[PDB]
Amino acid sequence: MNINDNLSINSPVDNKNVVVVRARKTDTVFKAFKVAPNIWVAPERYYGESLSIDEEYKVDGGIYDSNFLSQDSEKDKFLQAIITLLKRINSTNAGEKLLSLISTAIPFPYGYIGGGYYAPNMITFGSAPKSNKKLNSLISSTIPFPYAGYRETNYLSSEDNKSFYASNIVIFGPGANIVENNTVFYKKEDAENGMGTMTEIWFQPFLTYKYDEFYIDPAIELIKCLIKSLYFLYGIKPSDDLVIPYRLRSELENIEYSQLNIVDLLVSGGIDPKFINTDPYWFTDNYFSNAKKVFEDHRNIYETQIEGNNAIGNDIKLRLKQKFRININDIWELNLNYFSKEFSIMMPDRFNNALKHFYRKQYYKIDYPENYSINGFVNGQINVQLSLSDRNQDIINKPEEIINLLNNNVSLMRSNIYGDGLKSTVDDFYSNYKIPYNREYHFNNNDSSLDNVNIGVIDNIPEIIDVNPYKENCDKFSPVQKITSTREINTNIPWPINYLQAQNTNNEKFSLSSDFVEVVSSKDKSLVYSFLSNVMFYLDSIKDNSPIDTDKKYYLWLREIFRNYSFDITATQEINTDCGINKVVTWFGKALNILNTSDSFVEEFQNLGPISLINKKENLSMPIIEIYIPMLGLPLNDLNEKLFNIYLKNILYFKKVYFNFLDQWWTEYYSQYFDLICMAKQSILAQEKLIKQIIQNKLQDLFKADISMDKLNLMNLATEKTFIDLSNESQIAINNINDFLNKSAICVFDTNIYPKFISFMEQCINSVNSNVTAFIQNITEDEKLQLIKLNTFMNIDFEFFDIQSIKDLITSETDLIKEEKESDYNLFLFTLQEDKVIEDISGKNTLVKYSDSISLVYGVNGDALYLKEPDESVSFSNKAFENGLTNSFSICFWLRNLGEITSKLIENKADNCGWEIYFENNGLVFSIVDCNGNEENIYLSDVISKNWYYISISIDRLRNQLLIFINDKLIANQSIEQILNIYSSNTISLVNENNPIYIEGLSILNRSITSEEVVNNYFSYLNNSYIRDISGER
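Per the deposited numbering, the sequence shown runs over residues 1 to 407, 409 to 440, 443 to 448, 450 to 632, 634 to 635, 638 to 784, 788 to 845, 848 to 912, 915 to 1048.
Okay, structure coming up:
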């Protein structure tokens, strides 16, 4: 599949790739462009929606603008962006297979005008002229009278309604809502009855939001829309009343459950679809069986009637052949979790269709020659430079609950609980669902959905030139208007969202204090709530001090503030529960007013259960269990087989009930903890923004002082670096919060739901045992006792629990990608003598410049840099090496010196500021100098020629310690508390001067290390199944 890119908004209408077609059967016409076979792009807003809508409806997440995609420049930008996104999808193999399947899954055509697909009529045409035999009227040609007599529904009709162009997918701009990607069918009846119908997509590529620490690739959103459209193209769309429970709305006061259509769950991807699609089907519906039956019927219709018809063109026949070569179970198992792993795209995974309730979005503008390309985000998802859009002030904020804290009657604050925008249901779904006894009516999968898709065979299918249209292929478009209600819940004890909002502010004159009541009741609005104790303590300990004037004074403060933000936002306590080992985040209690009574959040969490954090406790509801032994007259063989079959069936039923209770835990209990994770995440981000603003205010105050311009520029660089350091220490806090609350949720399942499920199923086990006993009580002659003993269930019979299984249940592809792309080393040198290959694995892509004079030999455990030629240097360039005021790092390498002073081994130095390790006397010396004169010199002696030395140097600015390890022993434990900013160049140089040396495994880490890690690394590297001499040579 080749995406045609030679298109523009000014391209002439050739009626072959650029067309003007009527919108359904309305009076509107629109321009469409063909970018792929049966795939069109329409660079304009959707016709059906009203570009101007009443402010009453205006759904939440409501960026609304009637002047978007109006000018031709914006239209051409949209078309180019969509072409770029399609090329990005088509680049890999999974995306190419998906696009080929979309391009070949034409909706099933209707038969001839009389019904049926078997064969058309015959016409006798072209009678030969008369001759001596004469009357050659019968000697003529035979013709299929209706050729390609089938009637297609996937077609766009020109404005004059005399031309038709085949079309499976057309991509439009957004409707009324600017940021809302949607997929709409052409005919509702044909999207559910197995015929299949074309799809229209509303996609906005210019905006995206940020989740955690990454941006959402629009390619994944377009892929999700295409996967959803694959349902319509196959006519397997379920009814609109097939909603499954999605989230218990704990923010409410009445028990209500959010609901989600099954297509959204199947195609969204994440942990939610894997909590529903289980190994036995705890949730089953007639939809899966009906869809499978209809799909098999249509496949049989094709194989018996269409396949074999010689009066139908290959453009439809071959495309239908490839359409039915894919089993329907493959489409159900096709989710975003497959393409995210096949594309290395990080996306939200838990409750990803309800994120409107959790956090408020902030959108970013994306232009598409620069910010996004065929390879995706430029400079990666994490590090792509994007600018916040100007539409962030145009977002519609329609809440679902305006919490109004009251003093003693005035409103202290007001807040908003925005809704997920999902269909509600007051009736409890979990207490009205009967688990089926008699049972593949579901997905049951993975990574194998598109094996039957043949890219070459599909691409070799000639395009559909002429279309025999079906006059009733579209019906109408009905916009779904819906008003958003509210509920002014009035409380006296502040909700967690009141605590969350108390920390946000707009007036940049912070006076942060640890008193929520004082913050909310203050009139000047100069108070901001914060839980960072040492930050507040240190700031309140320097009130009576002279102002910061010299850049030294600055640096020292910016050091004290970052070395307090860390010991405040990265504080955990190891509380040993009767359920596991837990690290409890100490400030979590005073961040959201959860167990905030007394003066210890750890104590209450270590006294009450891990469920006391959440409010909607005890939400379990046992389903309507059935538990269906049907006369006697069997020998000791048939009876045993029947008993074994009933045993297996009952075990399966018990597993299904257990999976139902797992879903009950996930929907109603983990949602509480996920919401708590989101609120804690927002709290750290807020309290980061607070420090950032505090230091920026100091800088600005220092700028208007008697400081040299060069010193001020150095100050600014150090502050820009310490901001990234603060971001790192907050990300560490985020990880701590996530781990702690996930462990709490897992334990709550293992200590508050599993015993309840066991107690509930004890009665079912007793009933099953009684039924088996009654049935067993054509002869046995006391063997009936043995049979009844062999087929009686016990408490252990239905123990499905495994903490590893549930811990891996809540792990998604995003977590795996984050683990695979989170290195603890800035630089990790790799050498391989195969062609001499020198590279870096750390992922920062350090630029390595090495002369050809260097070679490669086997030093200790692999290829080692051998600097035989004198005056040969190797340099490594990376931004992170520039260092700063507050960042810890470490250098680890293996050195072998052949020469027998002052050889300048390695140095990252700029005039004075920097660090260096250089030969002197008979050993290496480590020198570290700042931009203020202060320096530290360490002489690590006893480094003789040859041998093999392992040097590990660690600088930690959090504790202000310099640890020097040689081989596996501590050589120095000095203090660097007198060393300020050491900002140096972005390059690290390795120079041999005139000293042939071997350098092996040189590595620069982004954090400090410990003696245990050094010893472990040394001994694990030295063990390579090789005998060594007294020096180290093998």
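We put the CB at the ideal spot given by N, CA and C, even for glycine.
task: Tell me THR26's beta-bridge partners as DSSP assigns them.
output: Per DSSP, none; premise fails for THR26.
query: Who are the Cβ neighbours of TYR953 in its own chain at under 7 Å, not counting the five residues just before and after it?
result: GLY937 and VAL939
- request: Would you mind working out which of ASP367, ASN136, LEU1016 and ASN397 sits nearest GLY871, comparing C-alpha positions?
  value: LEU1016
task: Assign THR26 to one of two classes, buried (16 or more other C-beta atoms within 10 Å of its C-beta) or exposed (fewer than that).
output: exposed
query: DSSP state of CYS904, grouped into three classes?
result: strand
query: Beta-carbon separation of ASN951 and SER941 under 8 Å?
result: yes
- request: Determine the DSSP secondary structure at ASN472, reduced to helix, strand or coil.
  value: coil
query: Since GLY376 contacts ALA219 with CB under 8 Å, what's their CB separation in whole angstroms?
result: 7 Å
Beta-carbon proximity check, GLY593 vs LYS750, cutoff 8 Å: no
Three-state secondary structure (DSSP) of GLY175: coil
query: Which residues in the same chain have their Cβ closer than 7 Å to the Cβ of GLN485, if we skip the five residues on either side of it in sequence?
result: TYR57
message: So if DSSP puts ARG151 in a beta bridge, which residue, or which two residues, is it bridged to?
response: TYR110
- prompt: Would you report the Cα separation of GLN770 and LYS656, rounded to the nearest angstrom?
  reply: 17 Å
- request: Within its chain, find whatever has a CB closer than 8 Å to the CB of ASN352; leave out the 5 residues flanking it on each side and keep chain order.
  value: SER268, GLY269, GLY270 and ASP272
Distance between beta carbons of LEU7 and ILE106, contact taken as under 8 Å: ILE106 to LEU7, Cβ: 23 Å. No contact.
- prompt: Among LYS321, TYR932, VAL532 and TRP282, which has the Cα closest to the Cα of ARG299?
  reply: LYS321
message: Could you compute how far the alpha carbon of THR284 sits from the alpha carbon of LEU233?
response: 23 Å
- prompt: Using a Cβ-Cβ distance under 8 Å, would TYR57 count as near chain C?
  reply: The displayed structure is made up of one protein chain only, and chain C is not part of it.
message: On a Cα-Cα basis, can you pick out the residue from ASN600, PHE668 and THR601 that is closest to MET626?
response: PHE668
field: Buried or exposed by the 16-neighbour rule on C-beta atoms within 10 Å, applied to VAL411
entry: exposed
query: Ordered along the chain, which non-local residues of its own chain (more than five positions away) have a Cβ less than 6 Å from that of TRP929?
result: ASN922 and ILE942
- request: Would you tell me roughly how many angstroms separate the C-alpha atoms of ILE223 and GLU578, rounded to the nearest one?
  value: 43 Å
- request: Pair every Cβ in the segment 971-985 with every Cβ in the segment 795-815, then say whether three or more of these pairs are closer than 8 Å.
  value: no
query: What is the rounded straight-line gap between the Cα of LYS293 and the Cα of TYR654?
result: 30 Å
message: Just checking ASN511 against the ligand MG - is the residue's beta carbon closer than 7 Å to any of the ligand's heavy atoms?
response: Looking for the ligand MG in the displayed structure turns up nothing, as the structure carries no ligands at all.
task: Could you check what DSSP says for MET686 in three-state terms: helix, strand or coil?
output: helix
Sequence-distant residues of its chain with Cβ nearer than 8 Å to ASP603 (five each side left out): none
task: Compare the C-alpha of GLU192 against each of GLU512, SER167, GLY173 and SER239 and name the closest.
output: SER239
message: Considering Cα atoms alone, identify which of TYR150, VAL779 and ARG971 is closest to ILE113.
response: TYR150
message: My output table needs one value for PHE666: the three-state DSSP class, helix, strand or coil.
response: helix
- request: On the DSSP bridge assignment, give the partners of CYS927 in chain order.
  value: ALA924
message: Taking the alpha-carbon of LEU156 as reference, which of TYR147, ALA148, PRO146 and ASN168 has the nearest alpha-carbon?
response: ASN168
- prompt: Closest to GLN738 by CA distance: which of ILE552, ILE1013, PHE78 and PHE214 is it?
  reply: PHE214
- prompt: Hey, how far is the Cα of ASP792 from the Cα of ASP746?
  reply: 57 Å
- prompt: Should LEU1004 and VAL886 be called a contact, given that it needs their Cβ atoms to be closer than 8 Å?
  reply: yes
query: Quick one: Cα of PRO174 to Cα of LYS398, how far?
result: 20 Å
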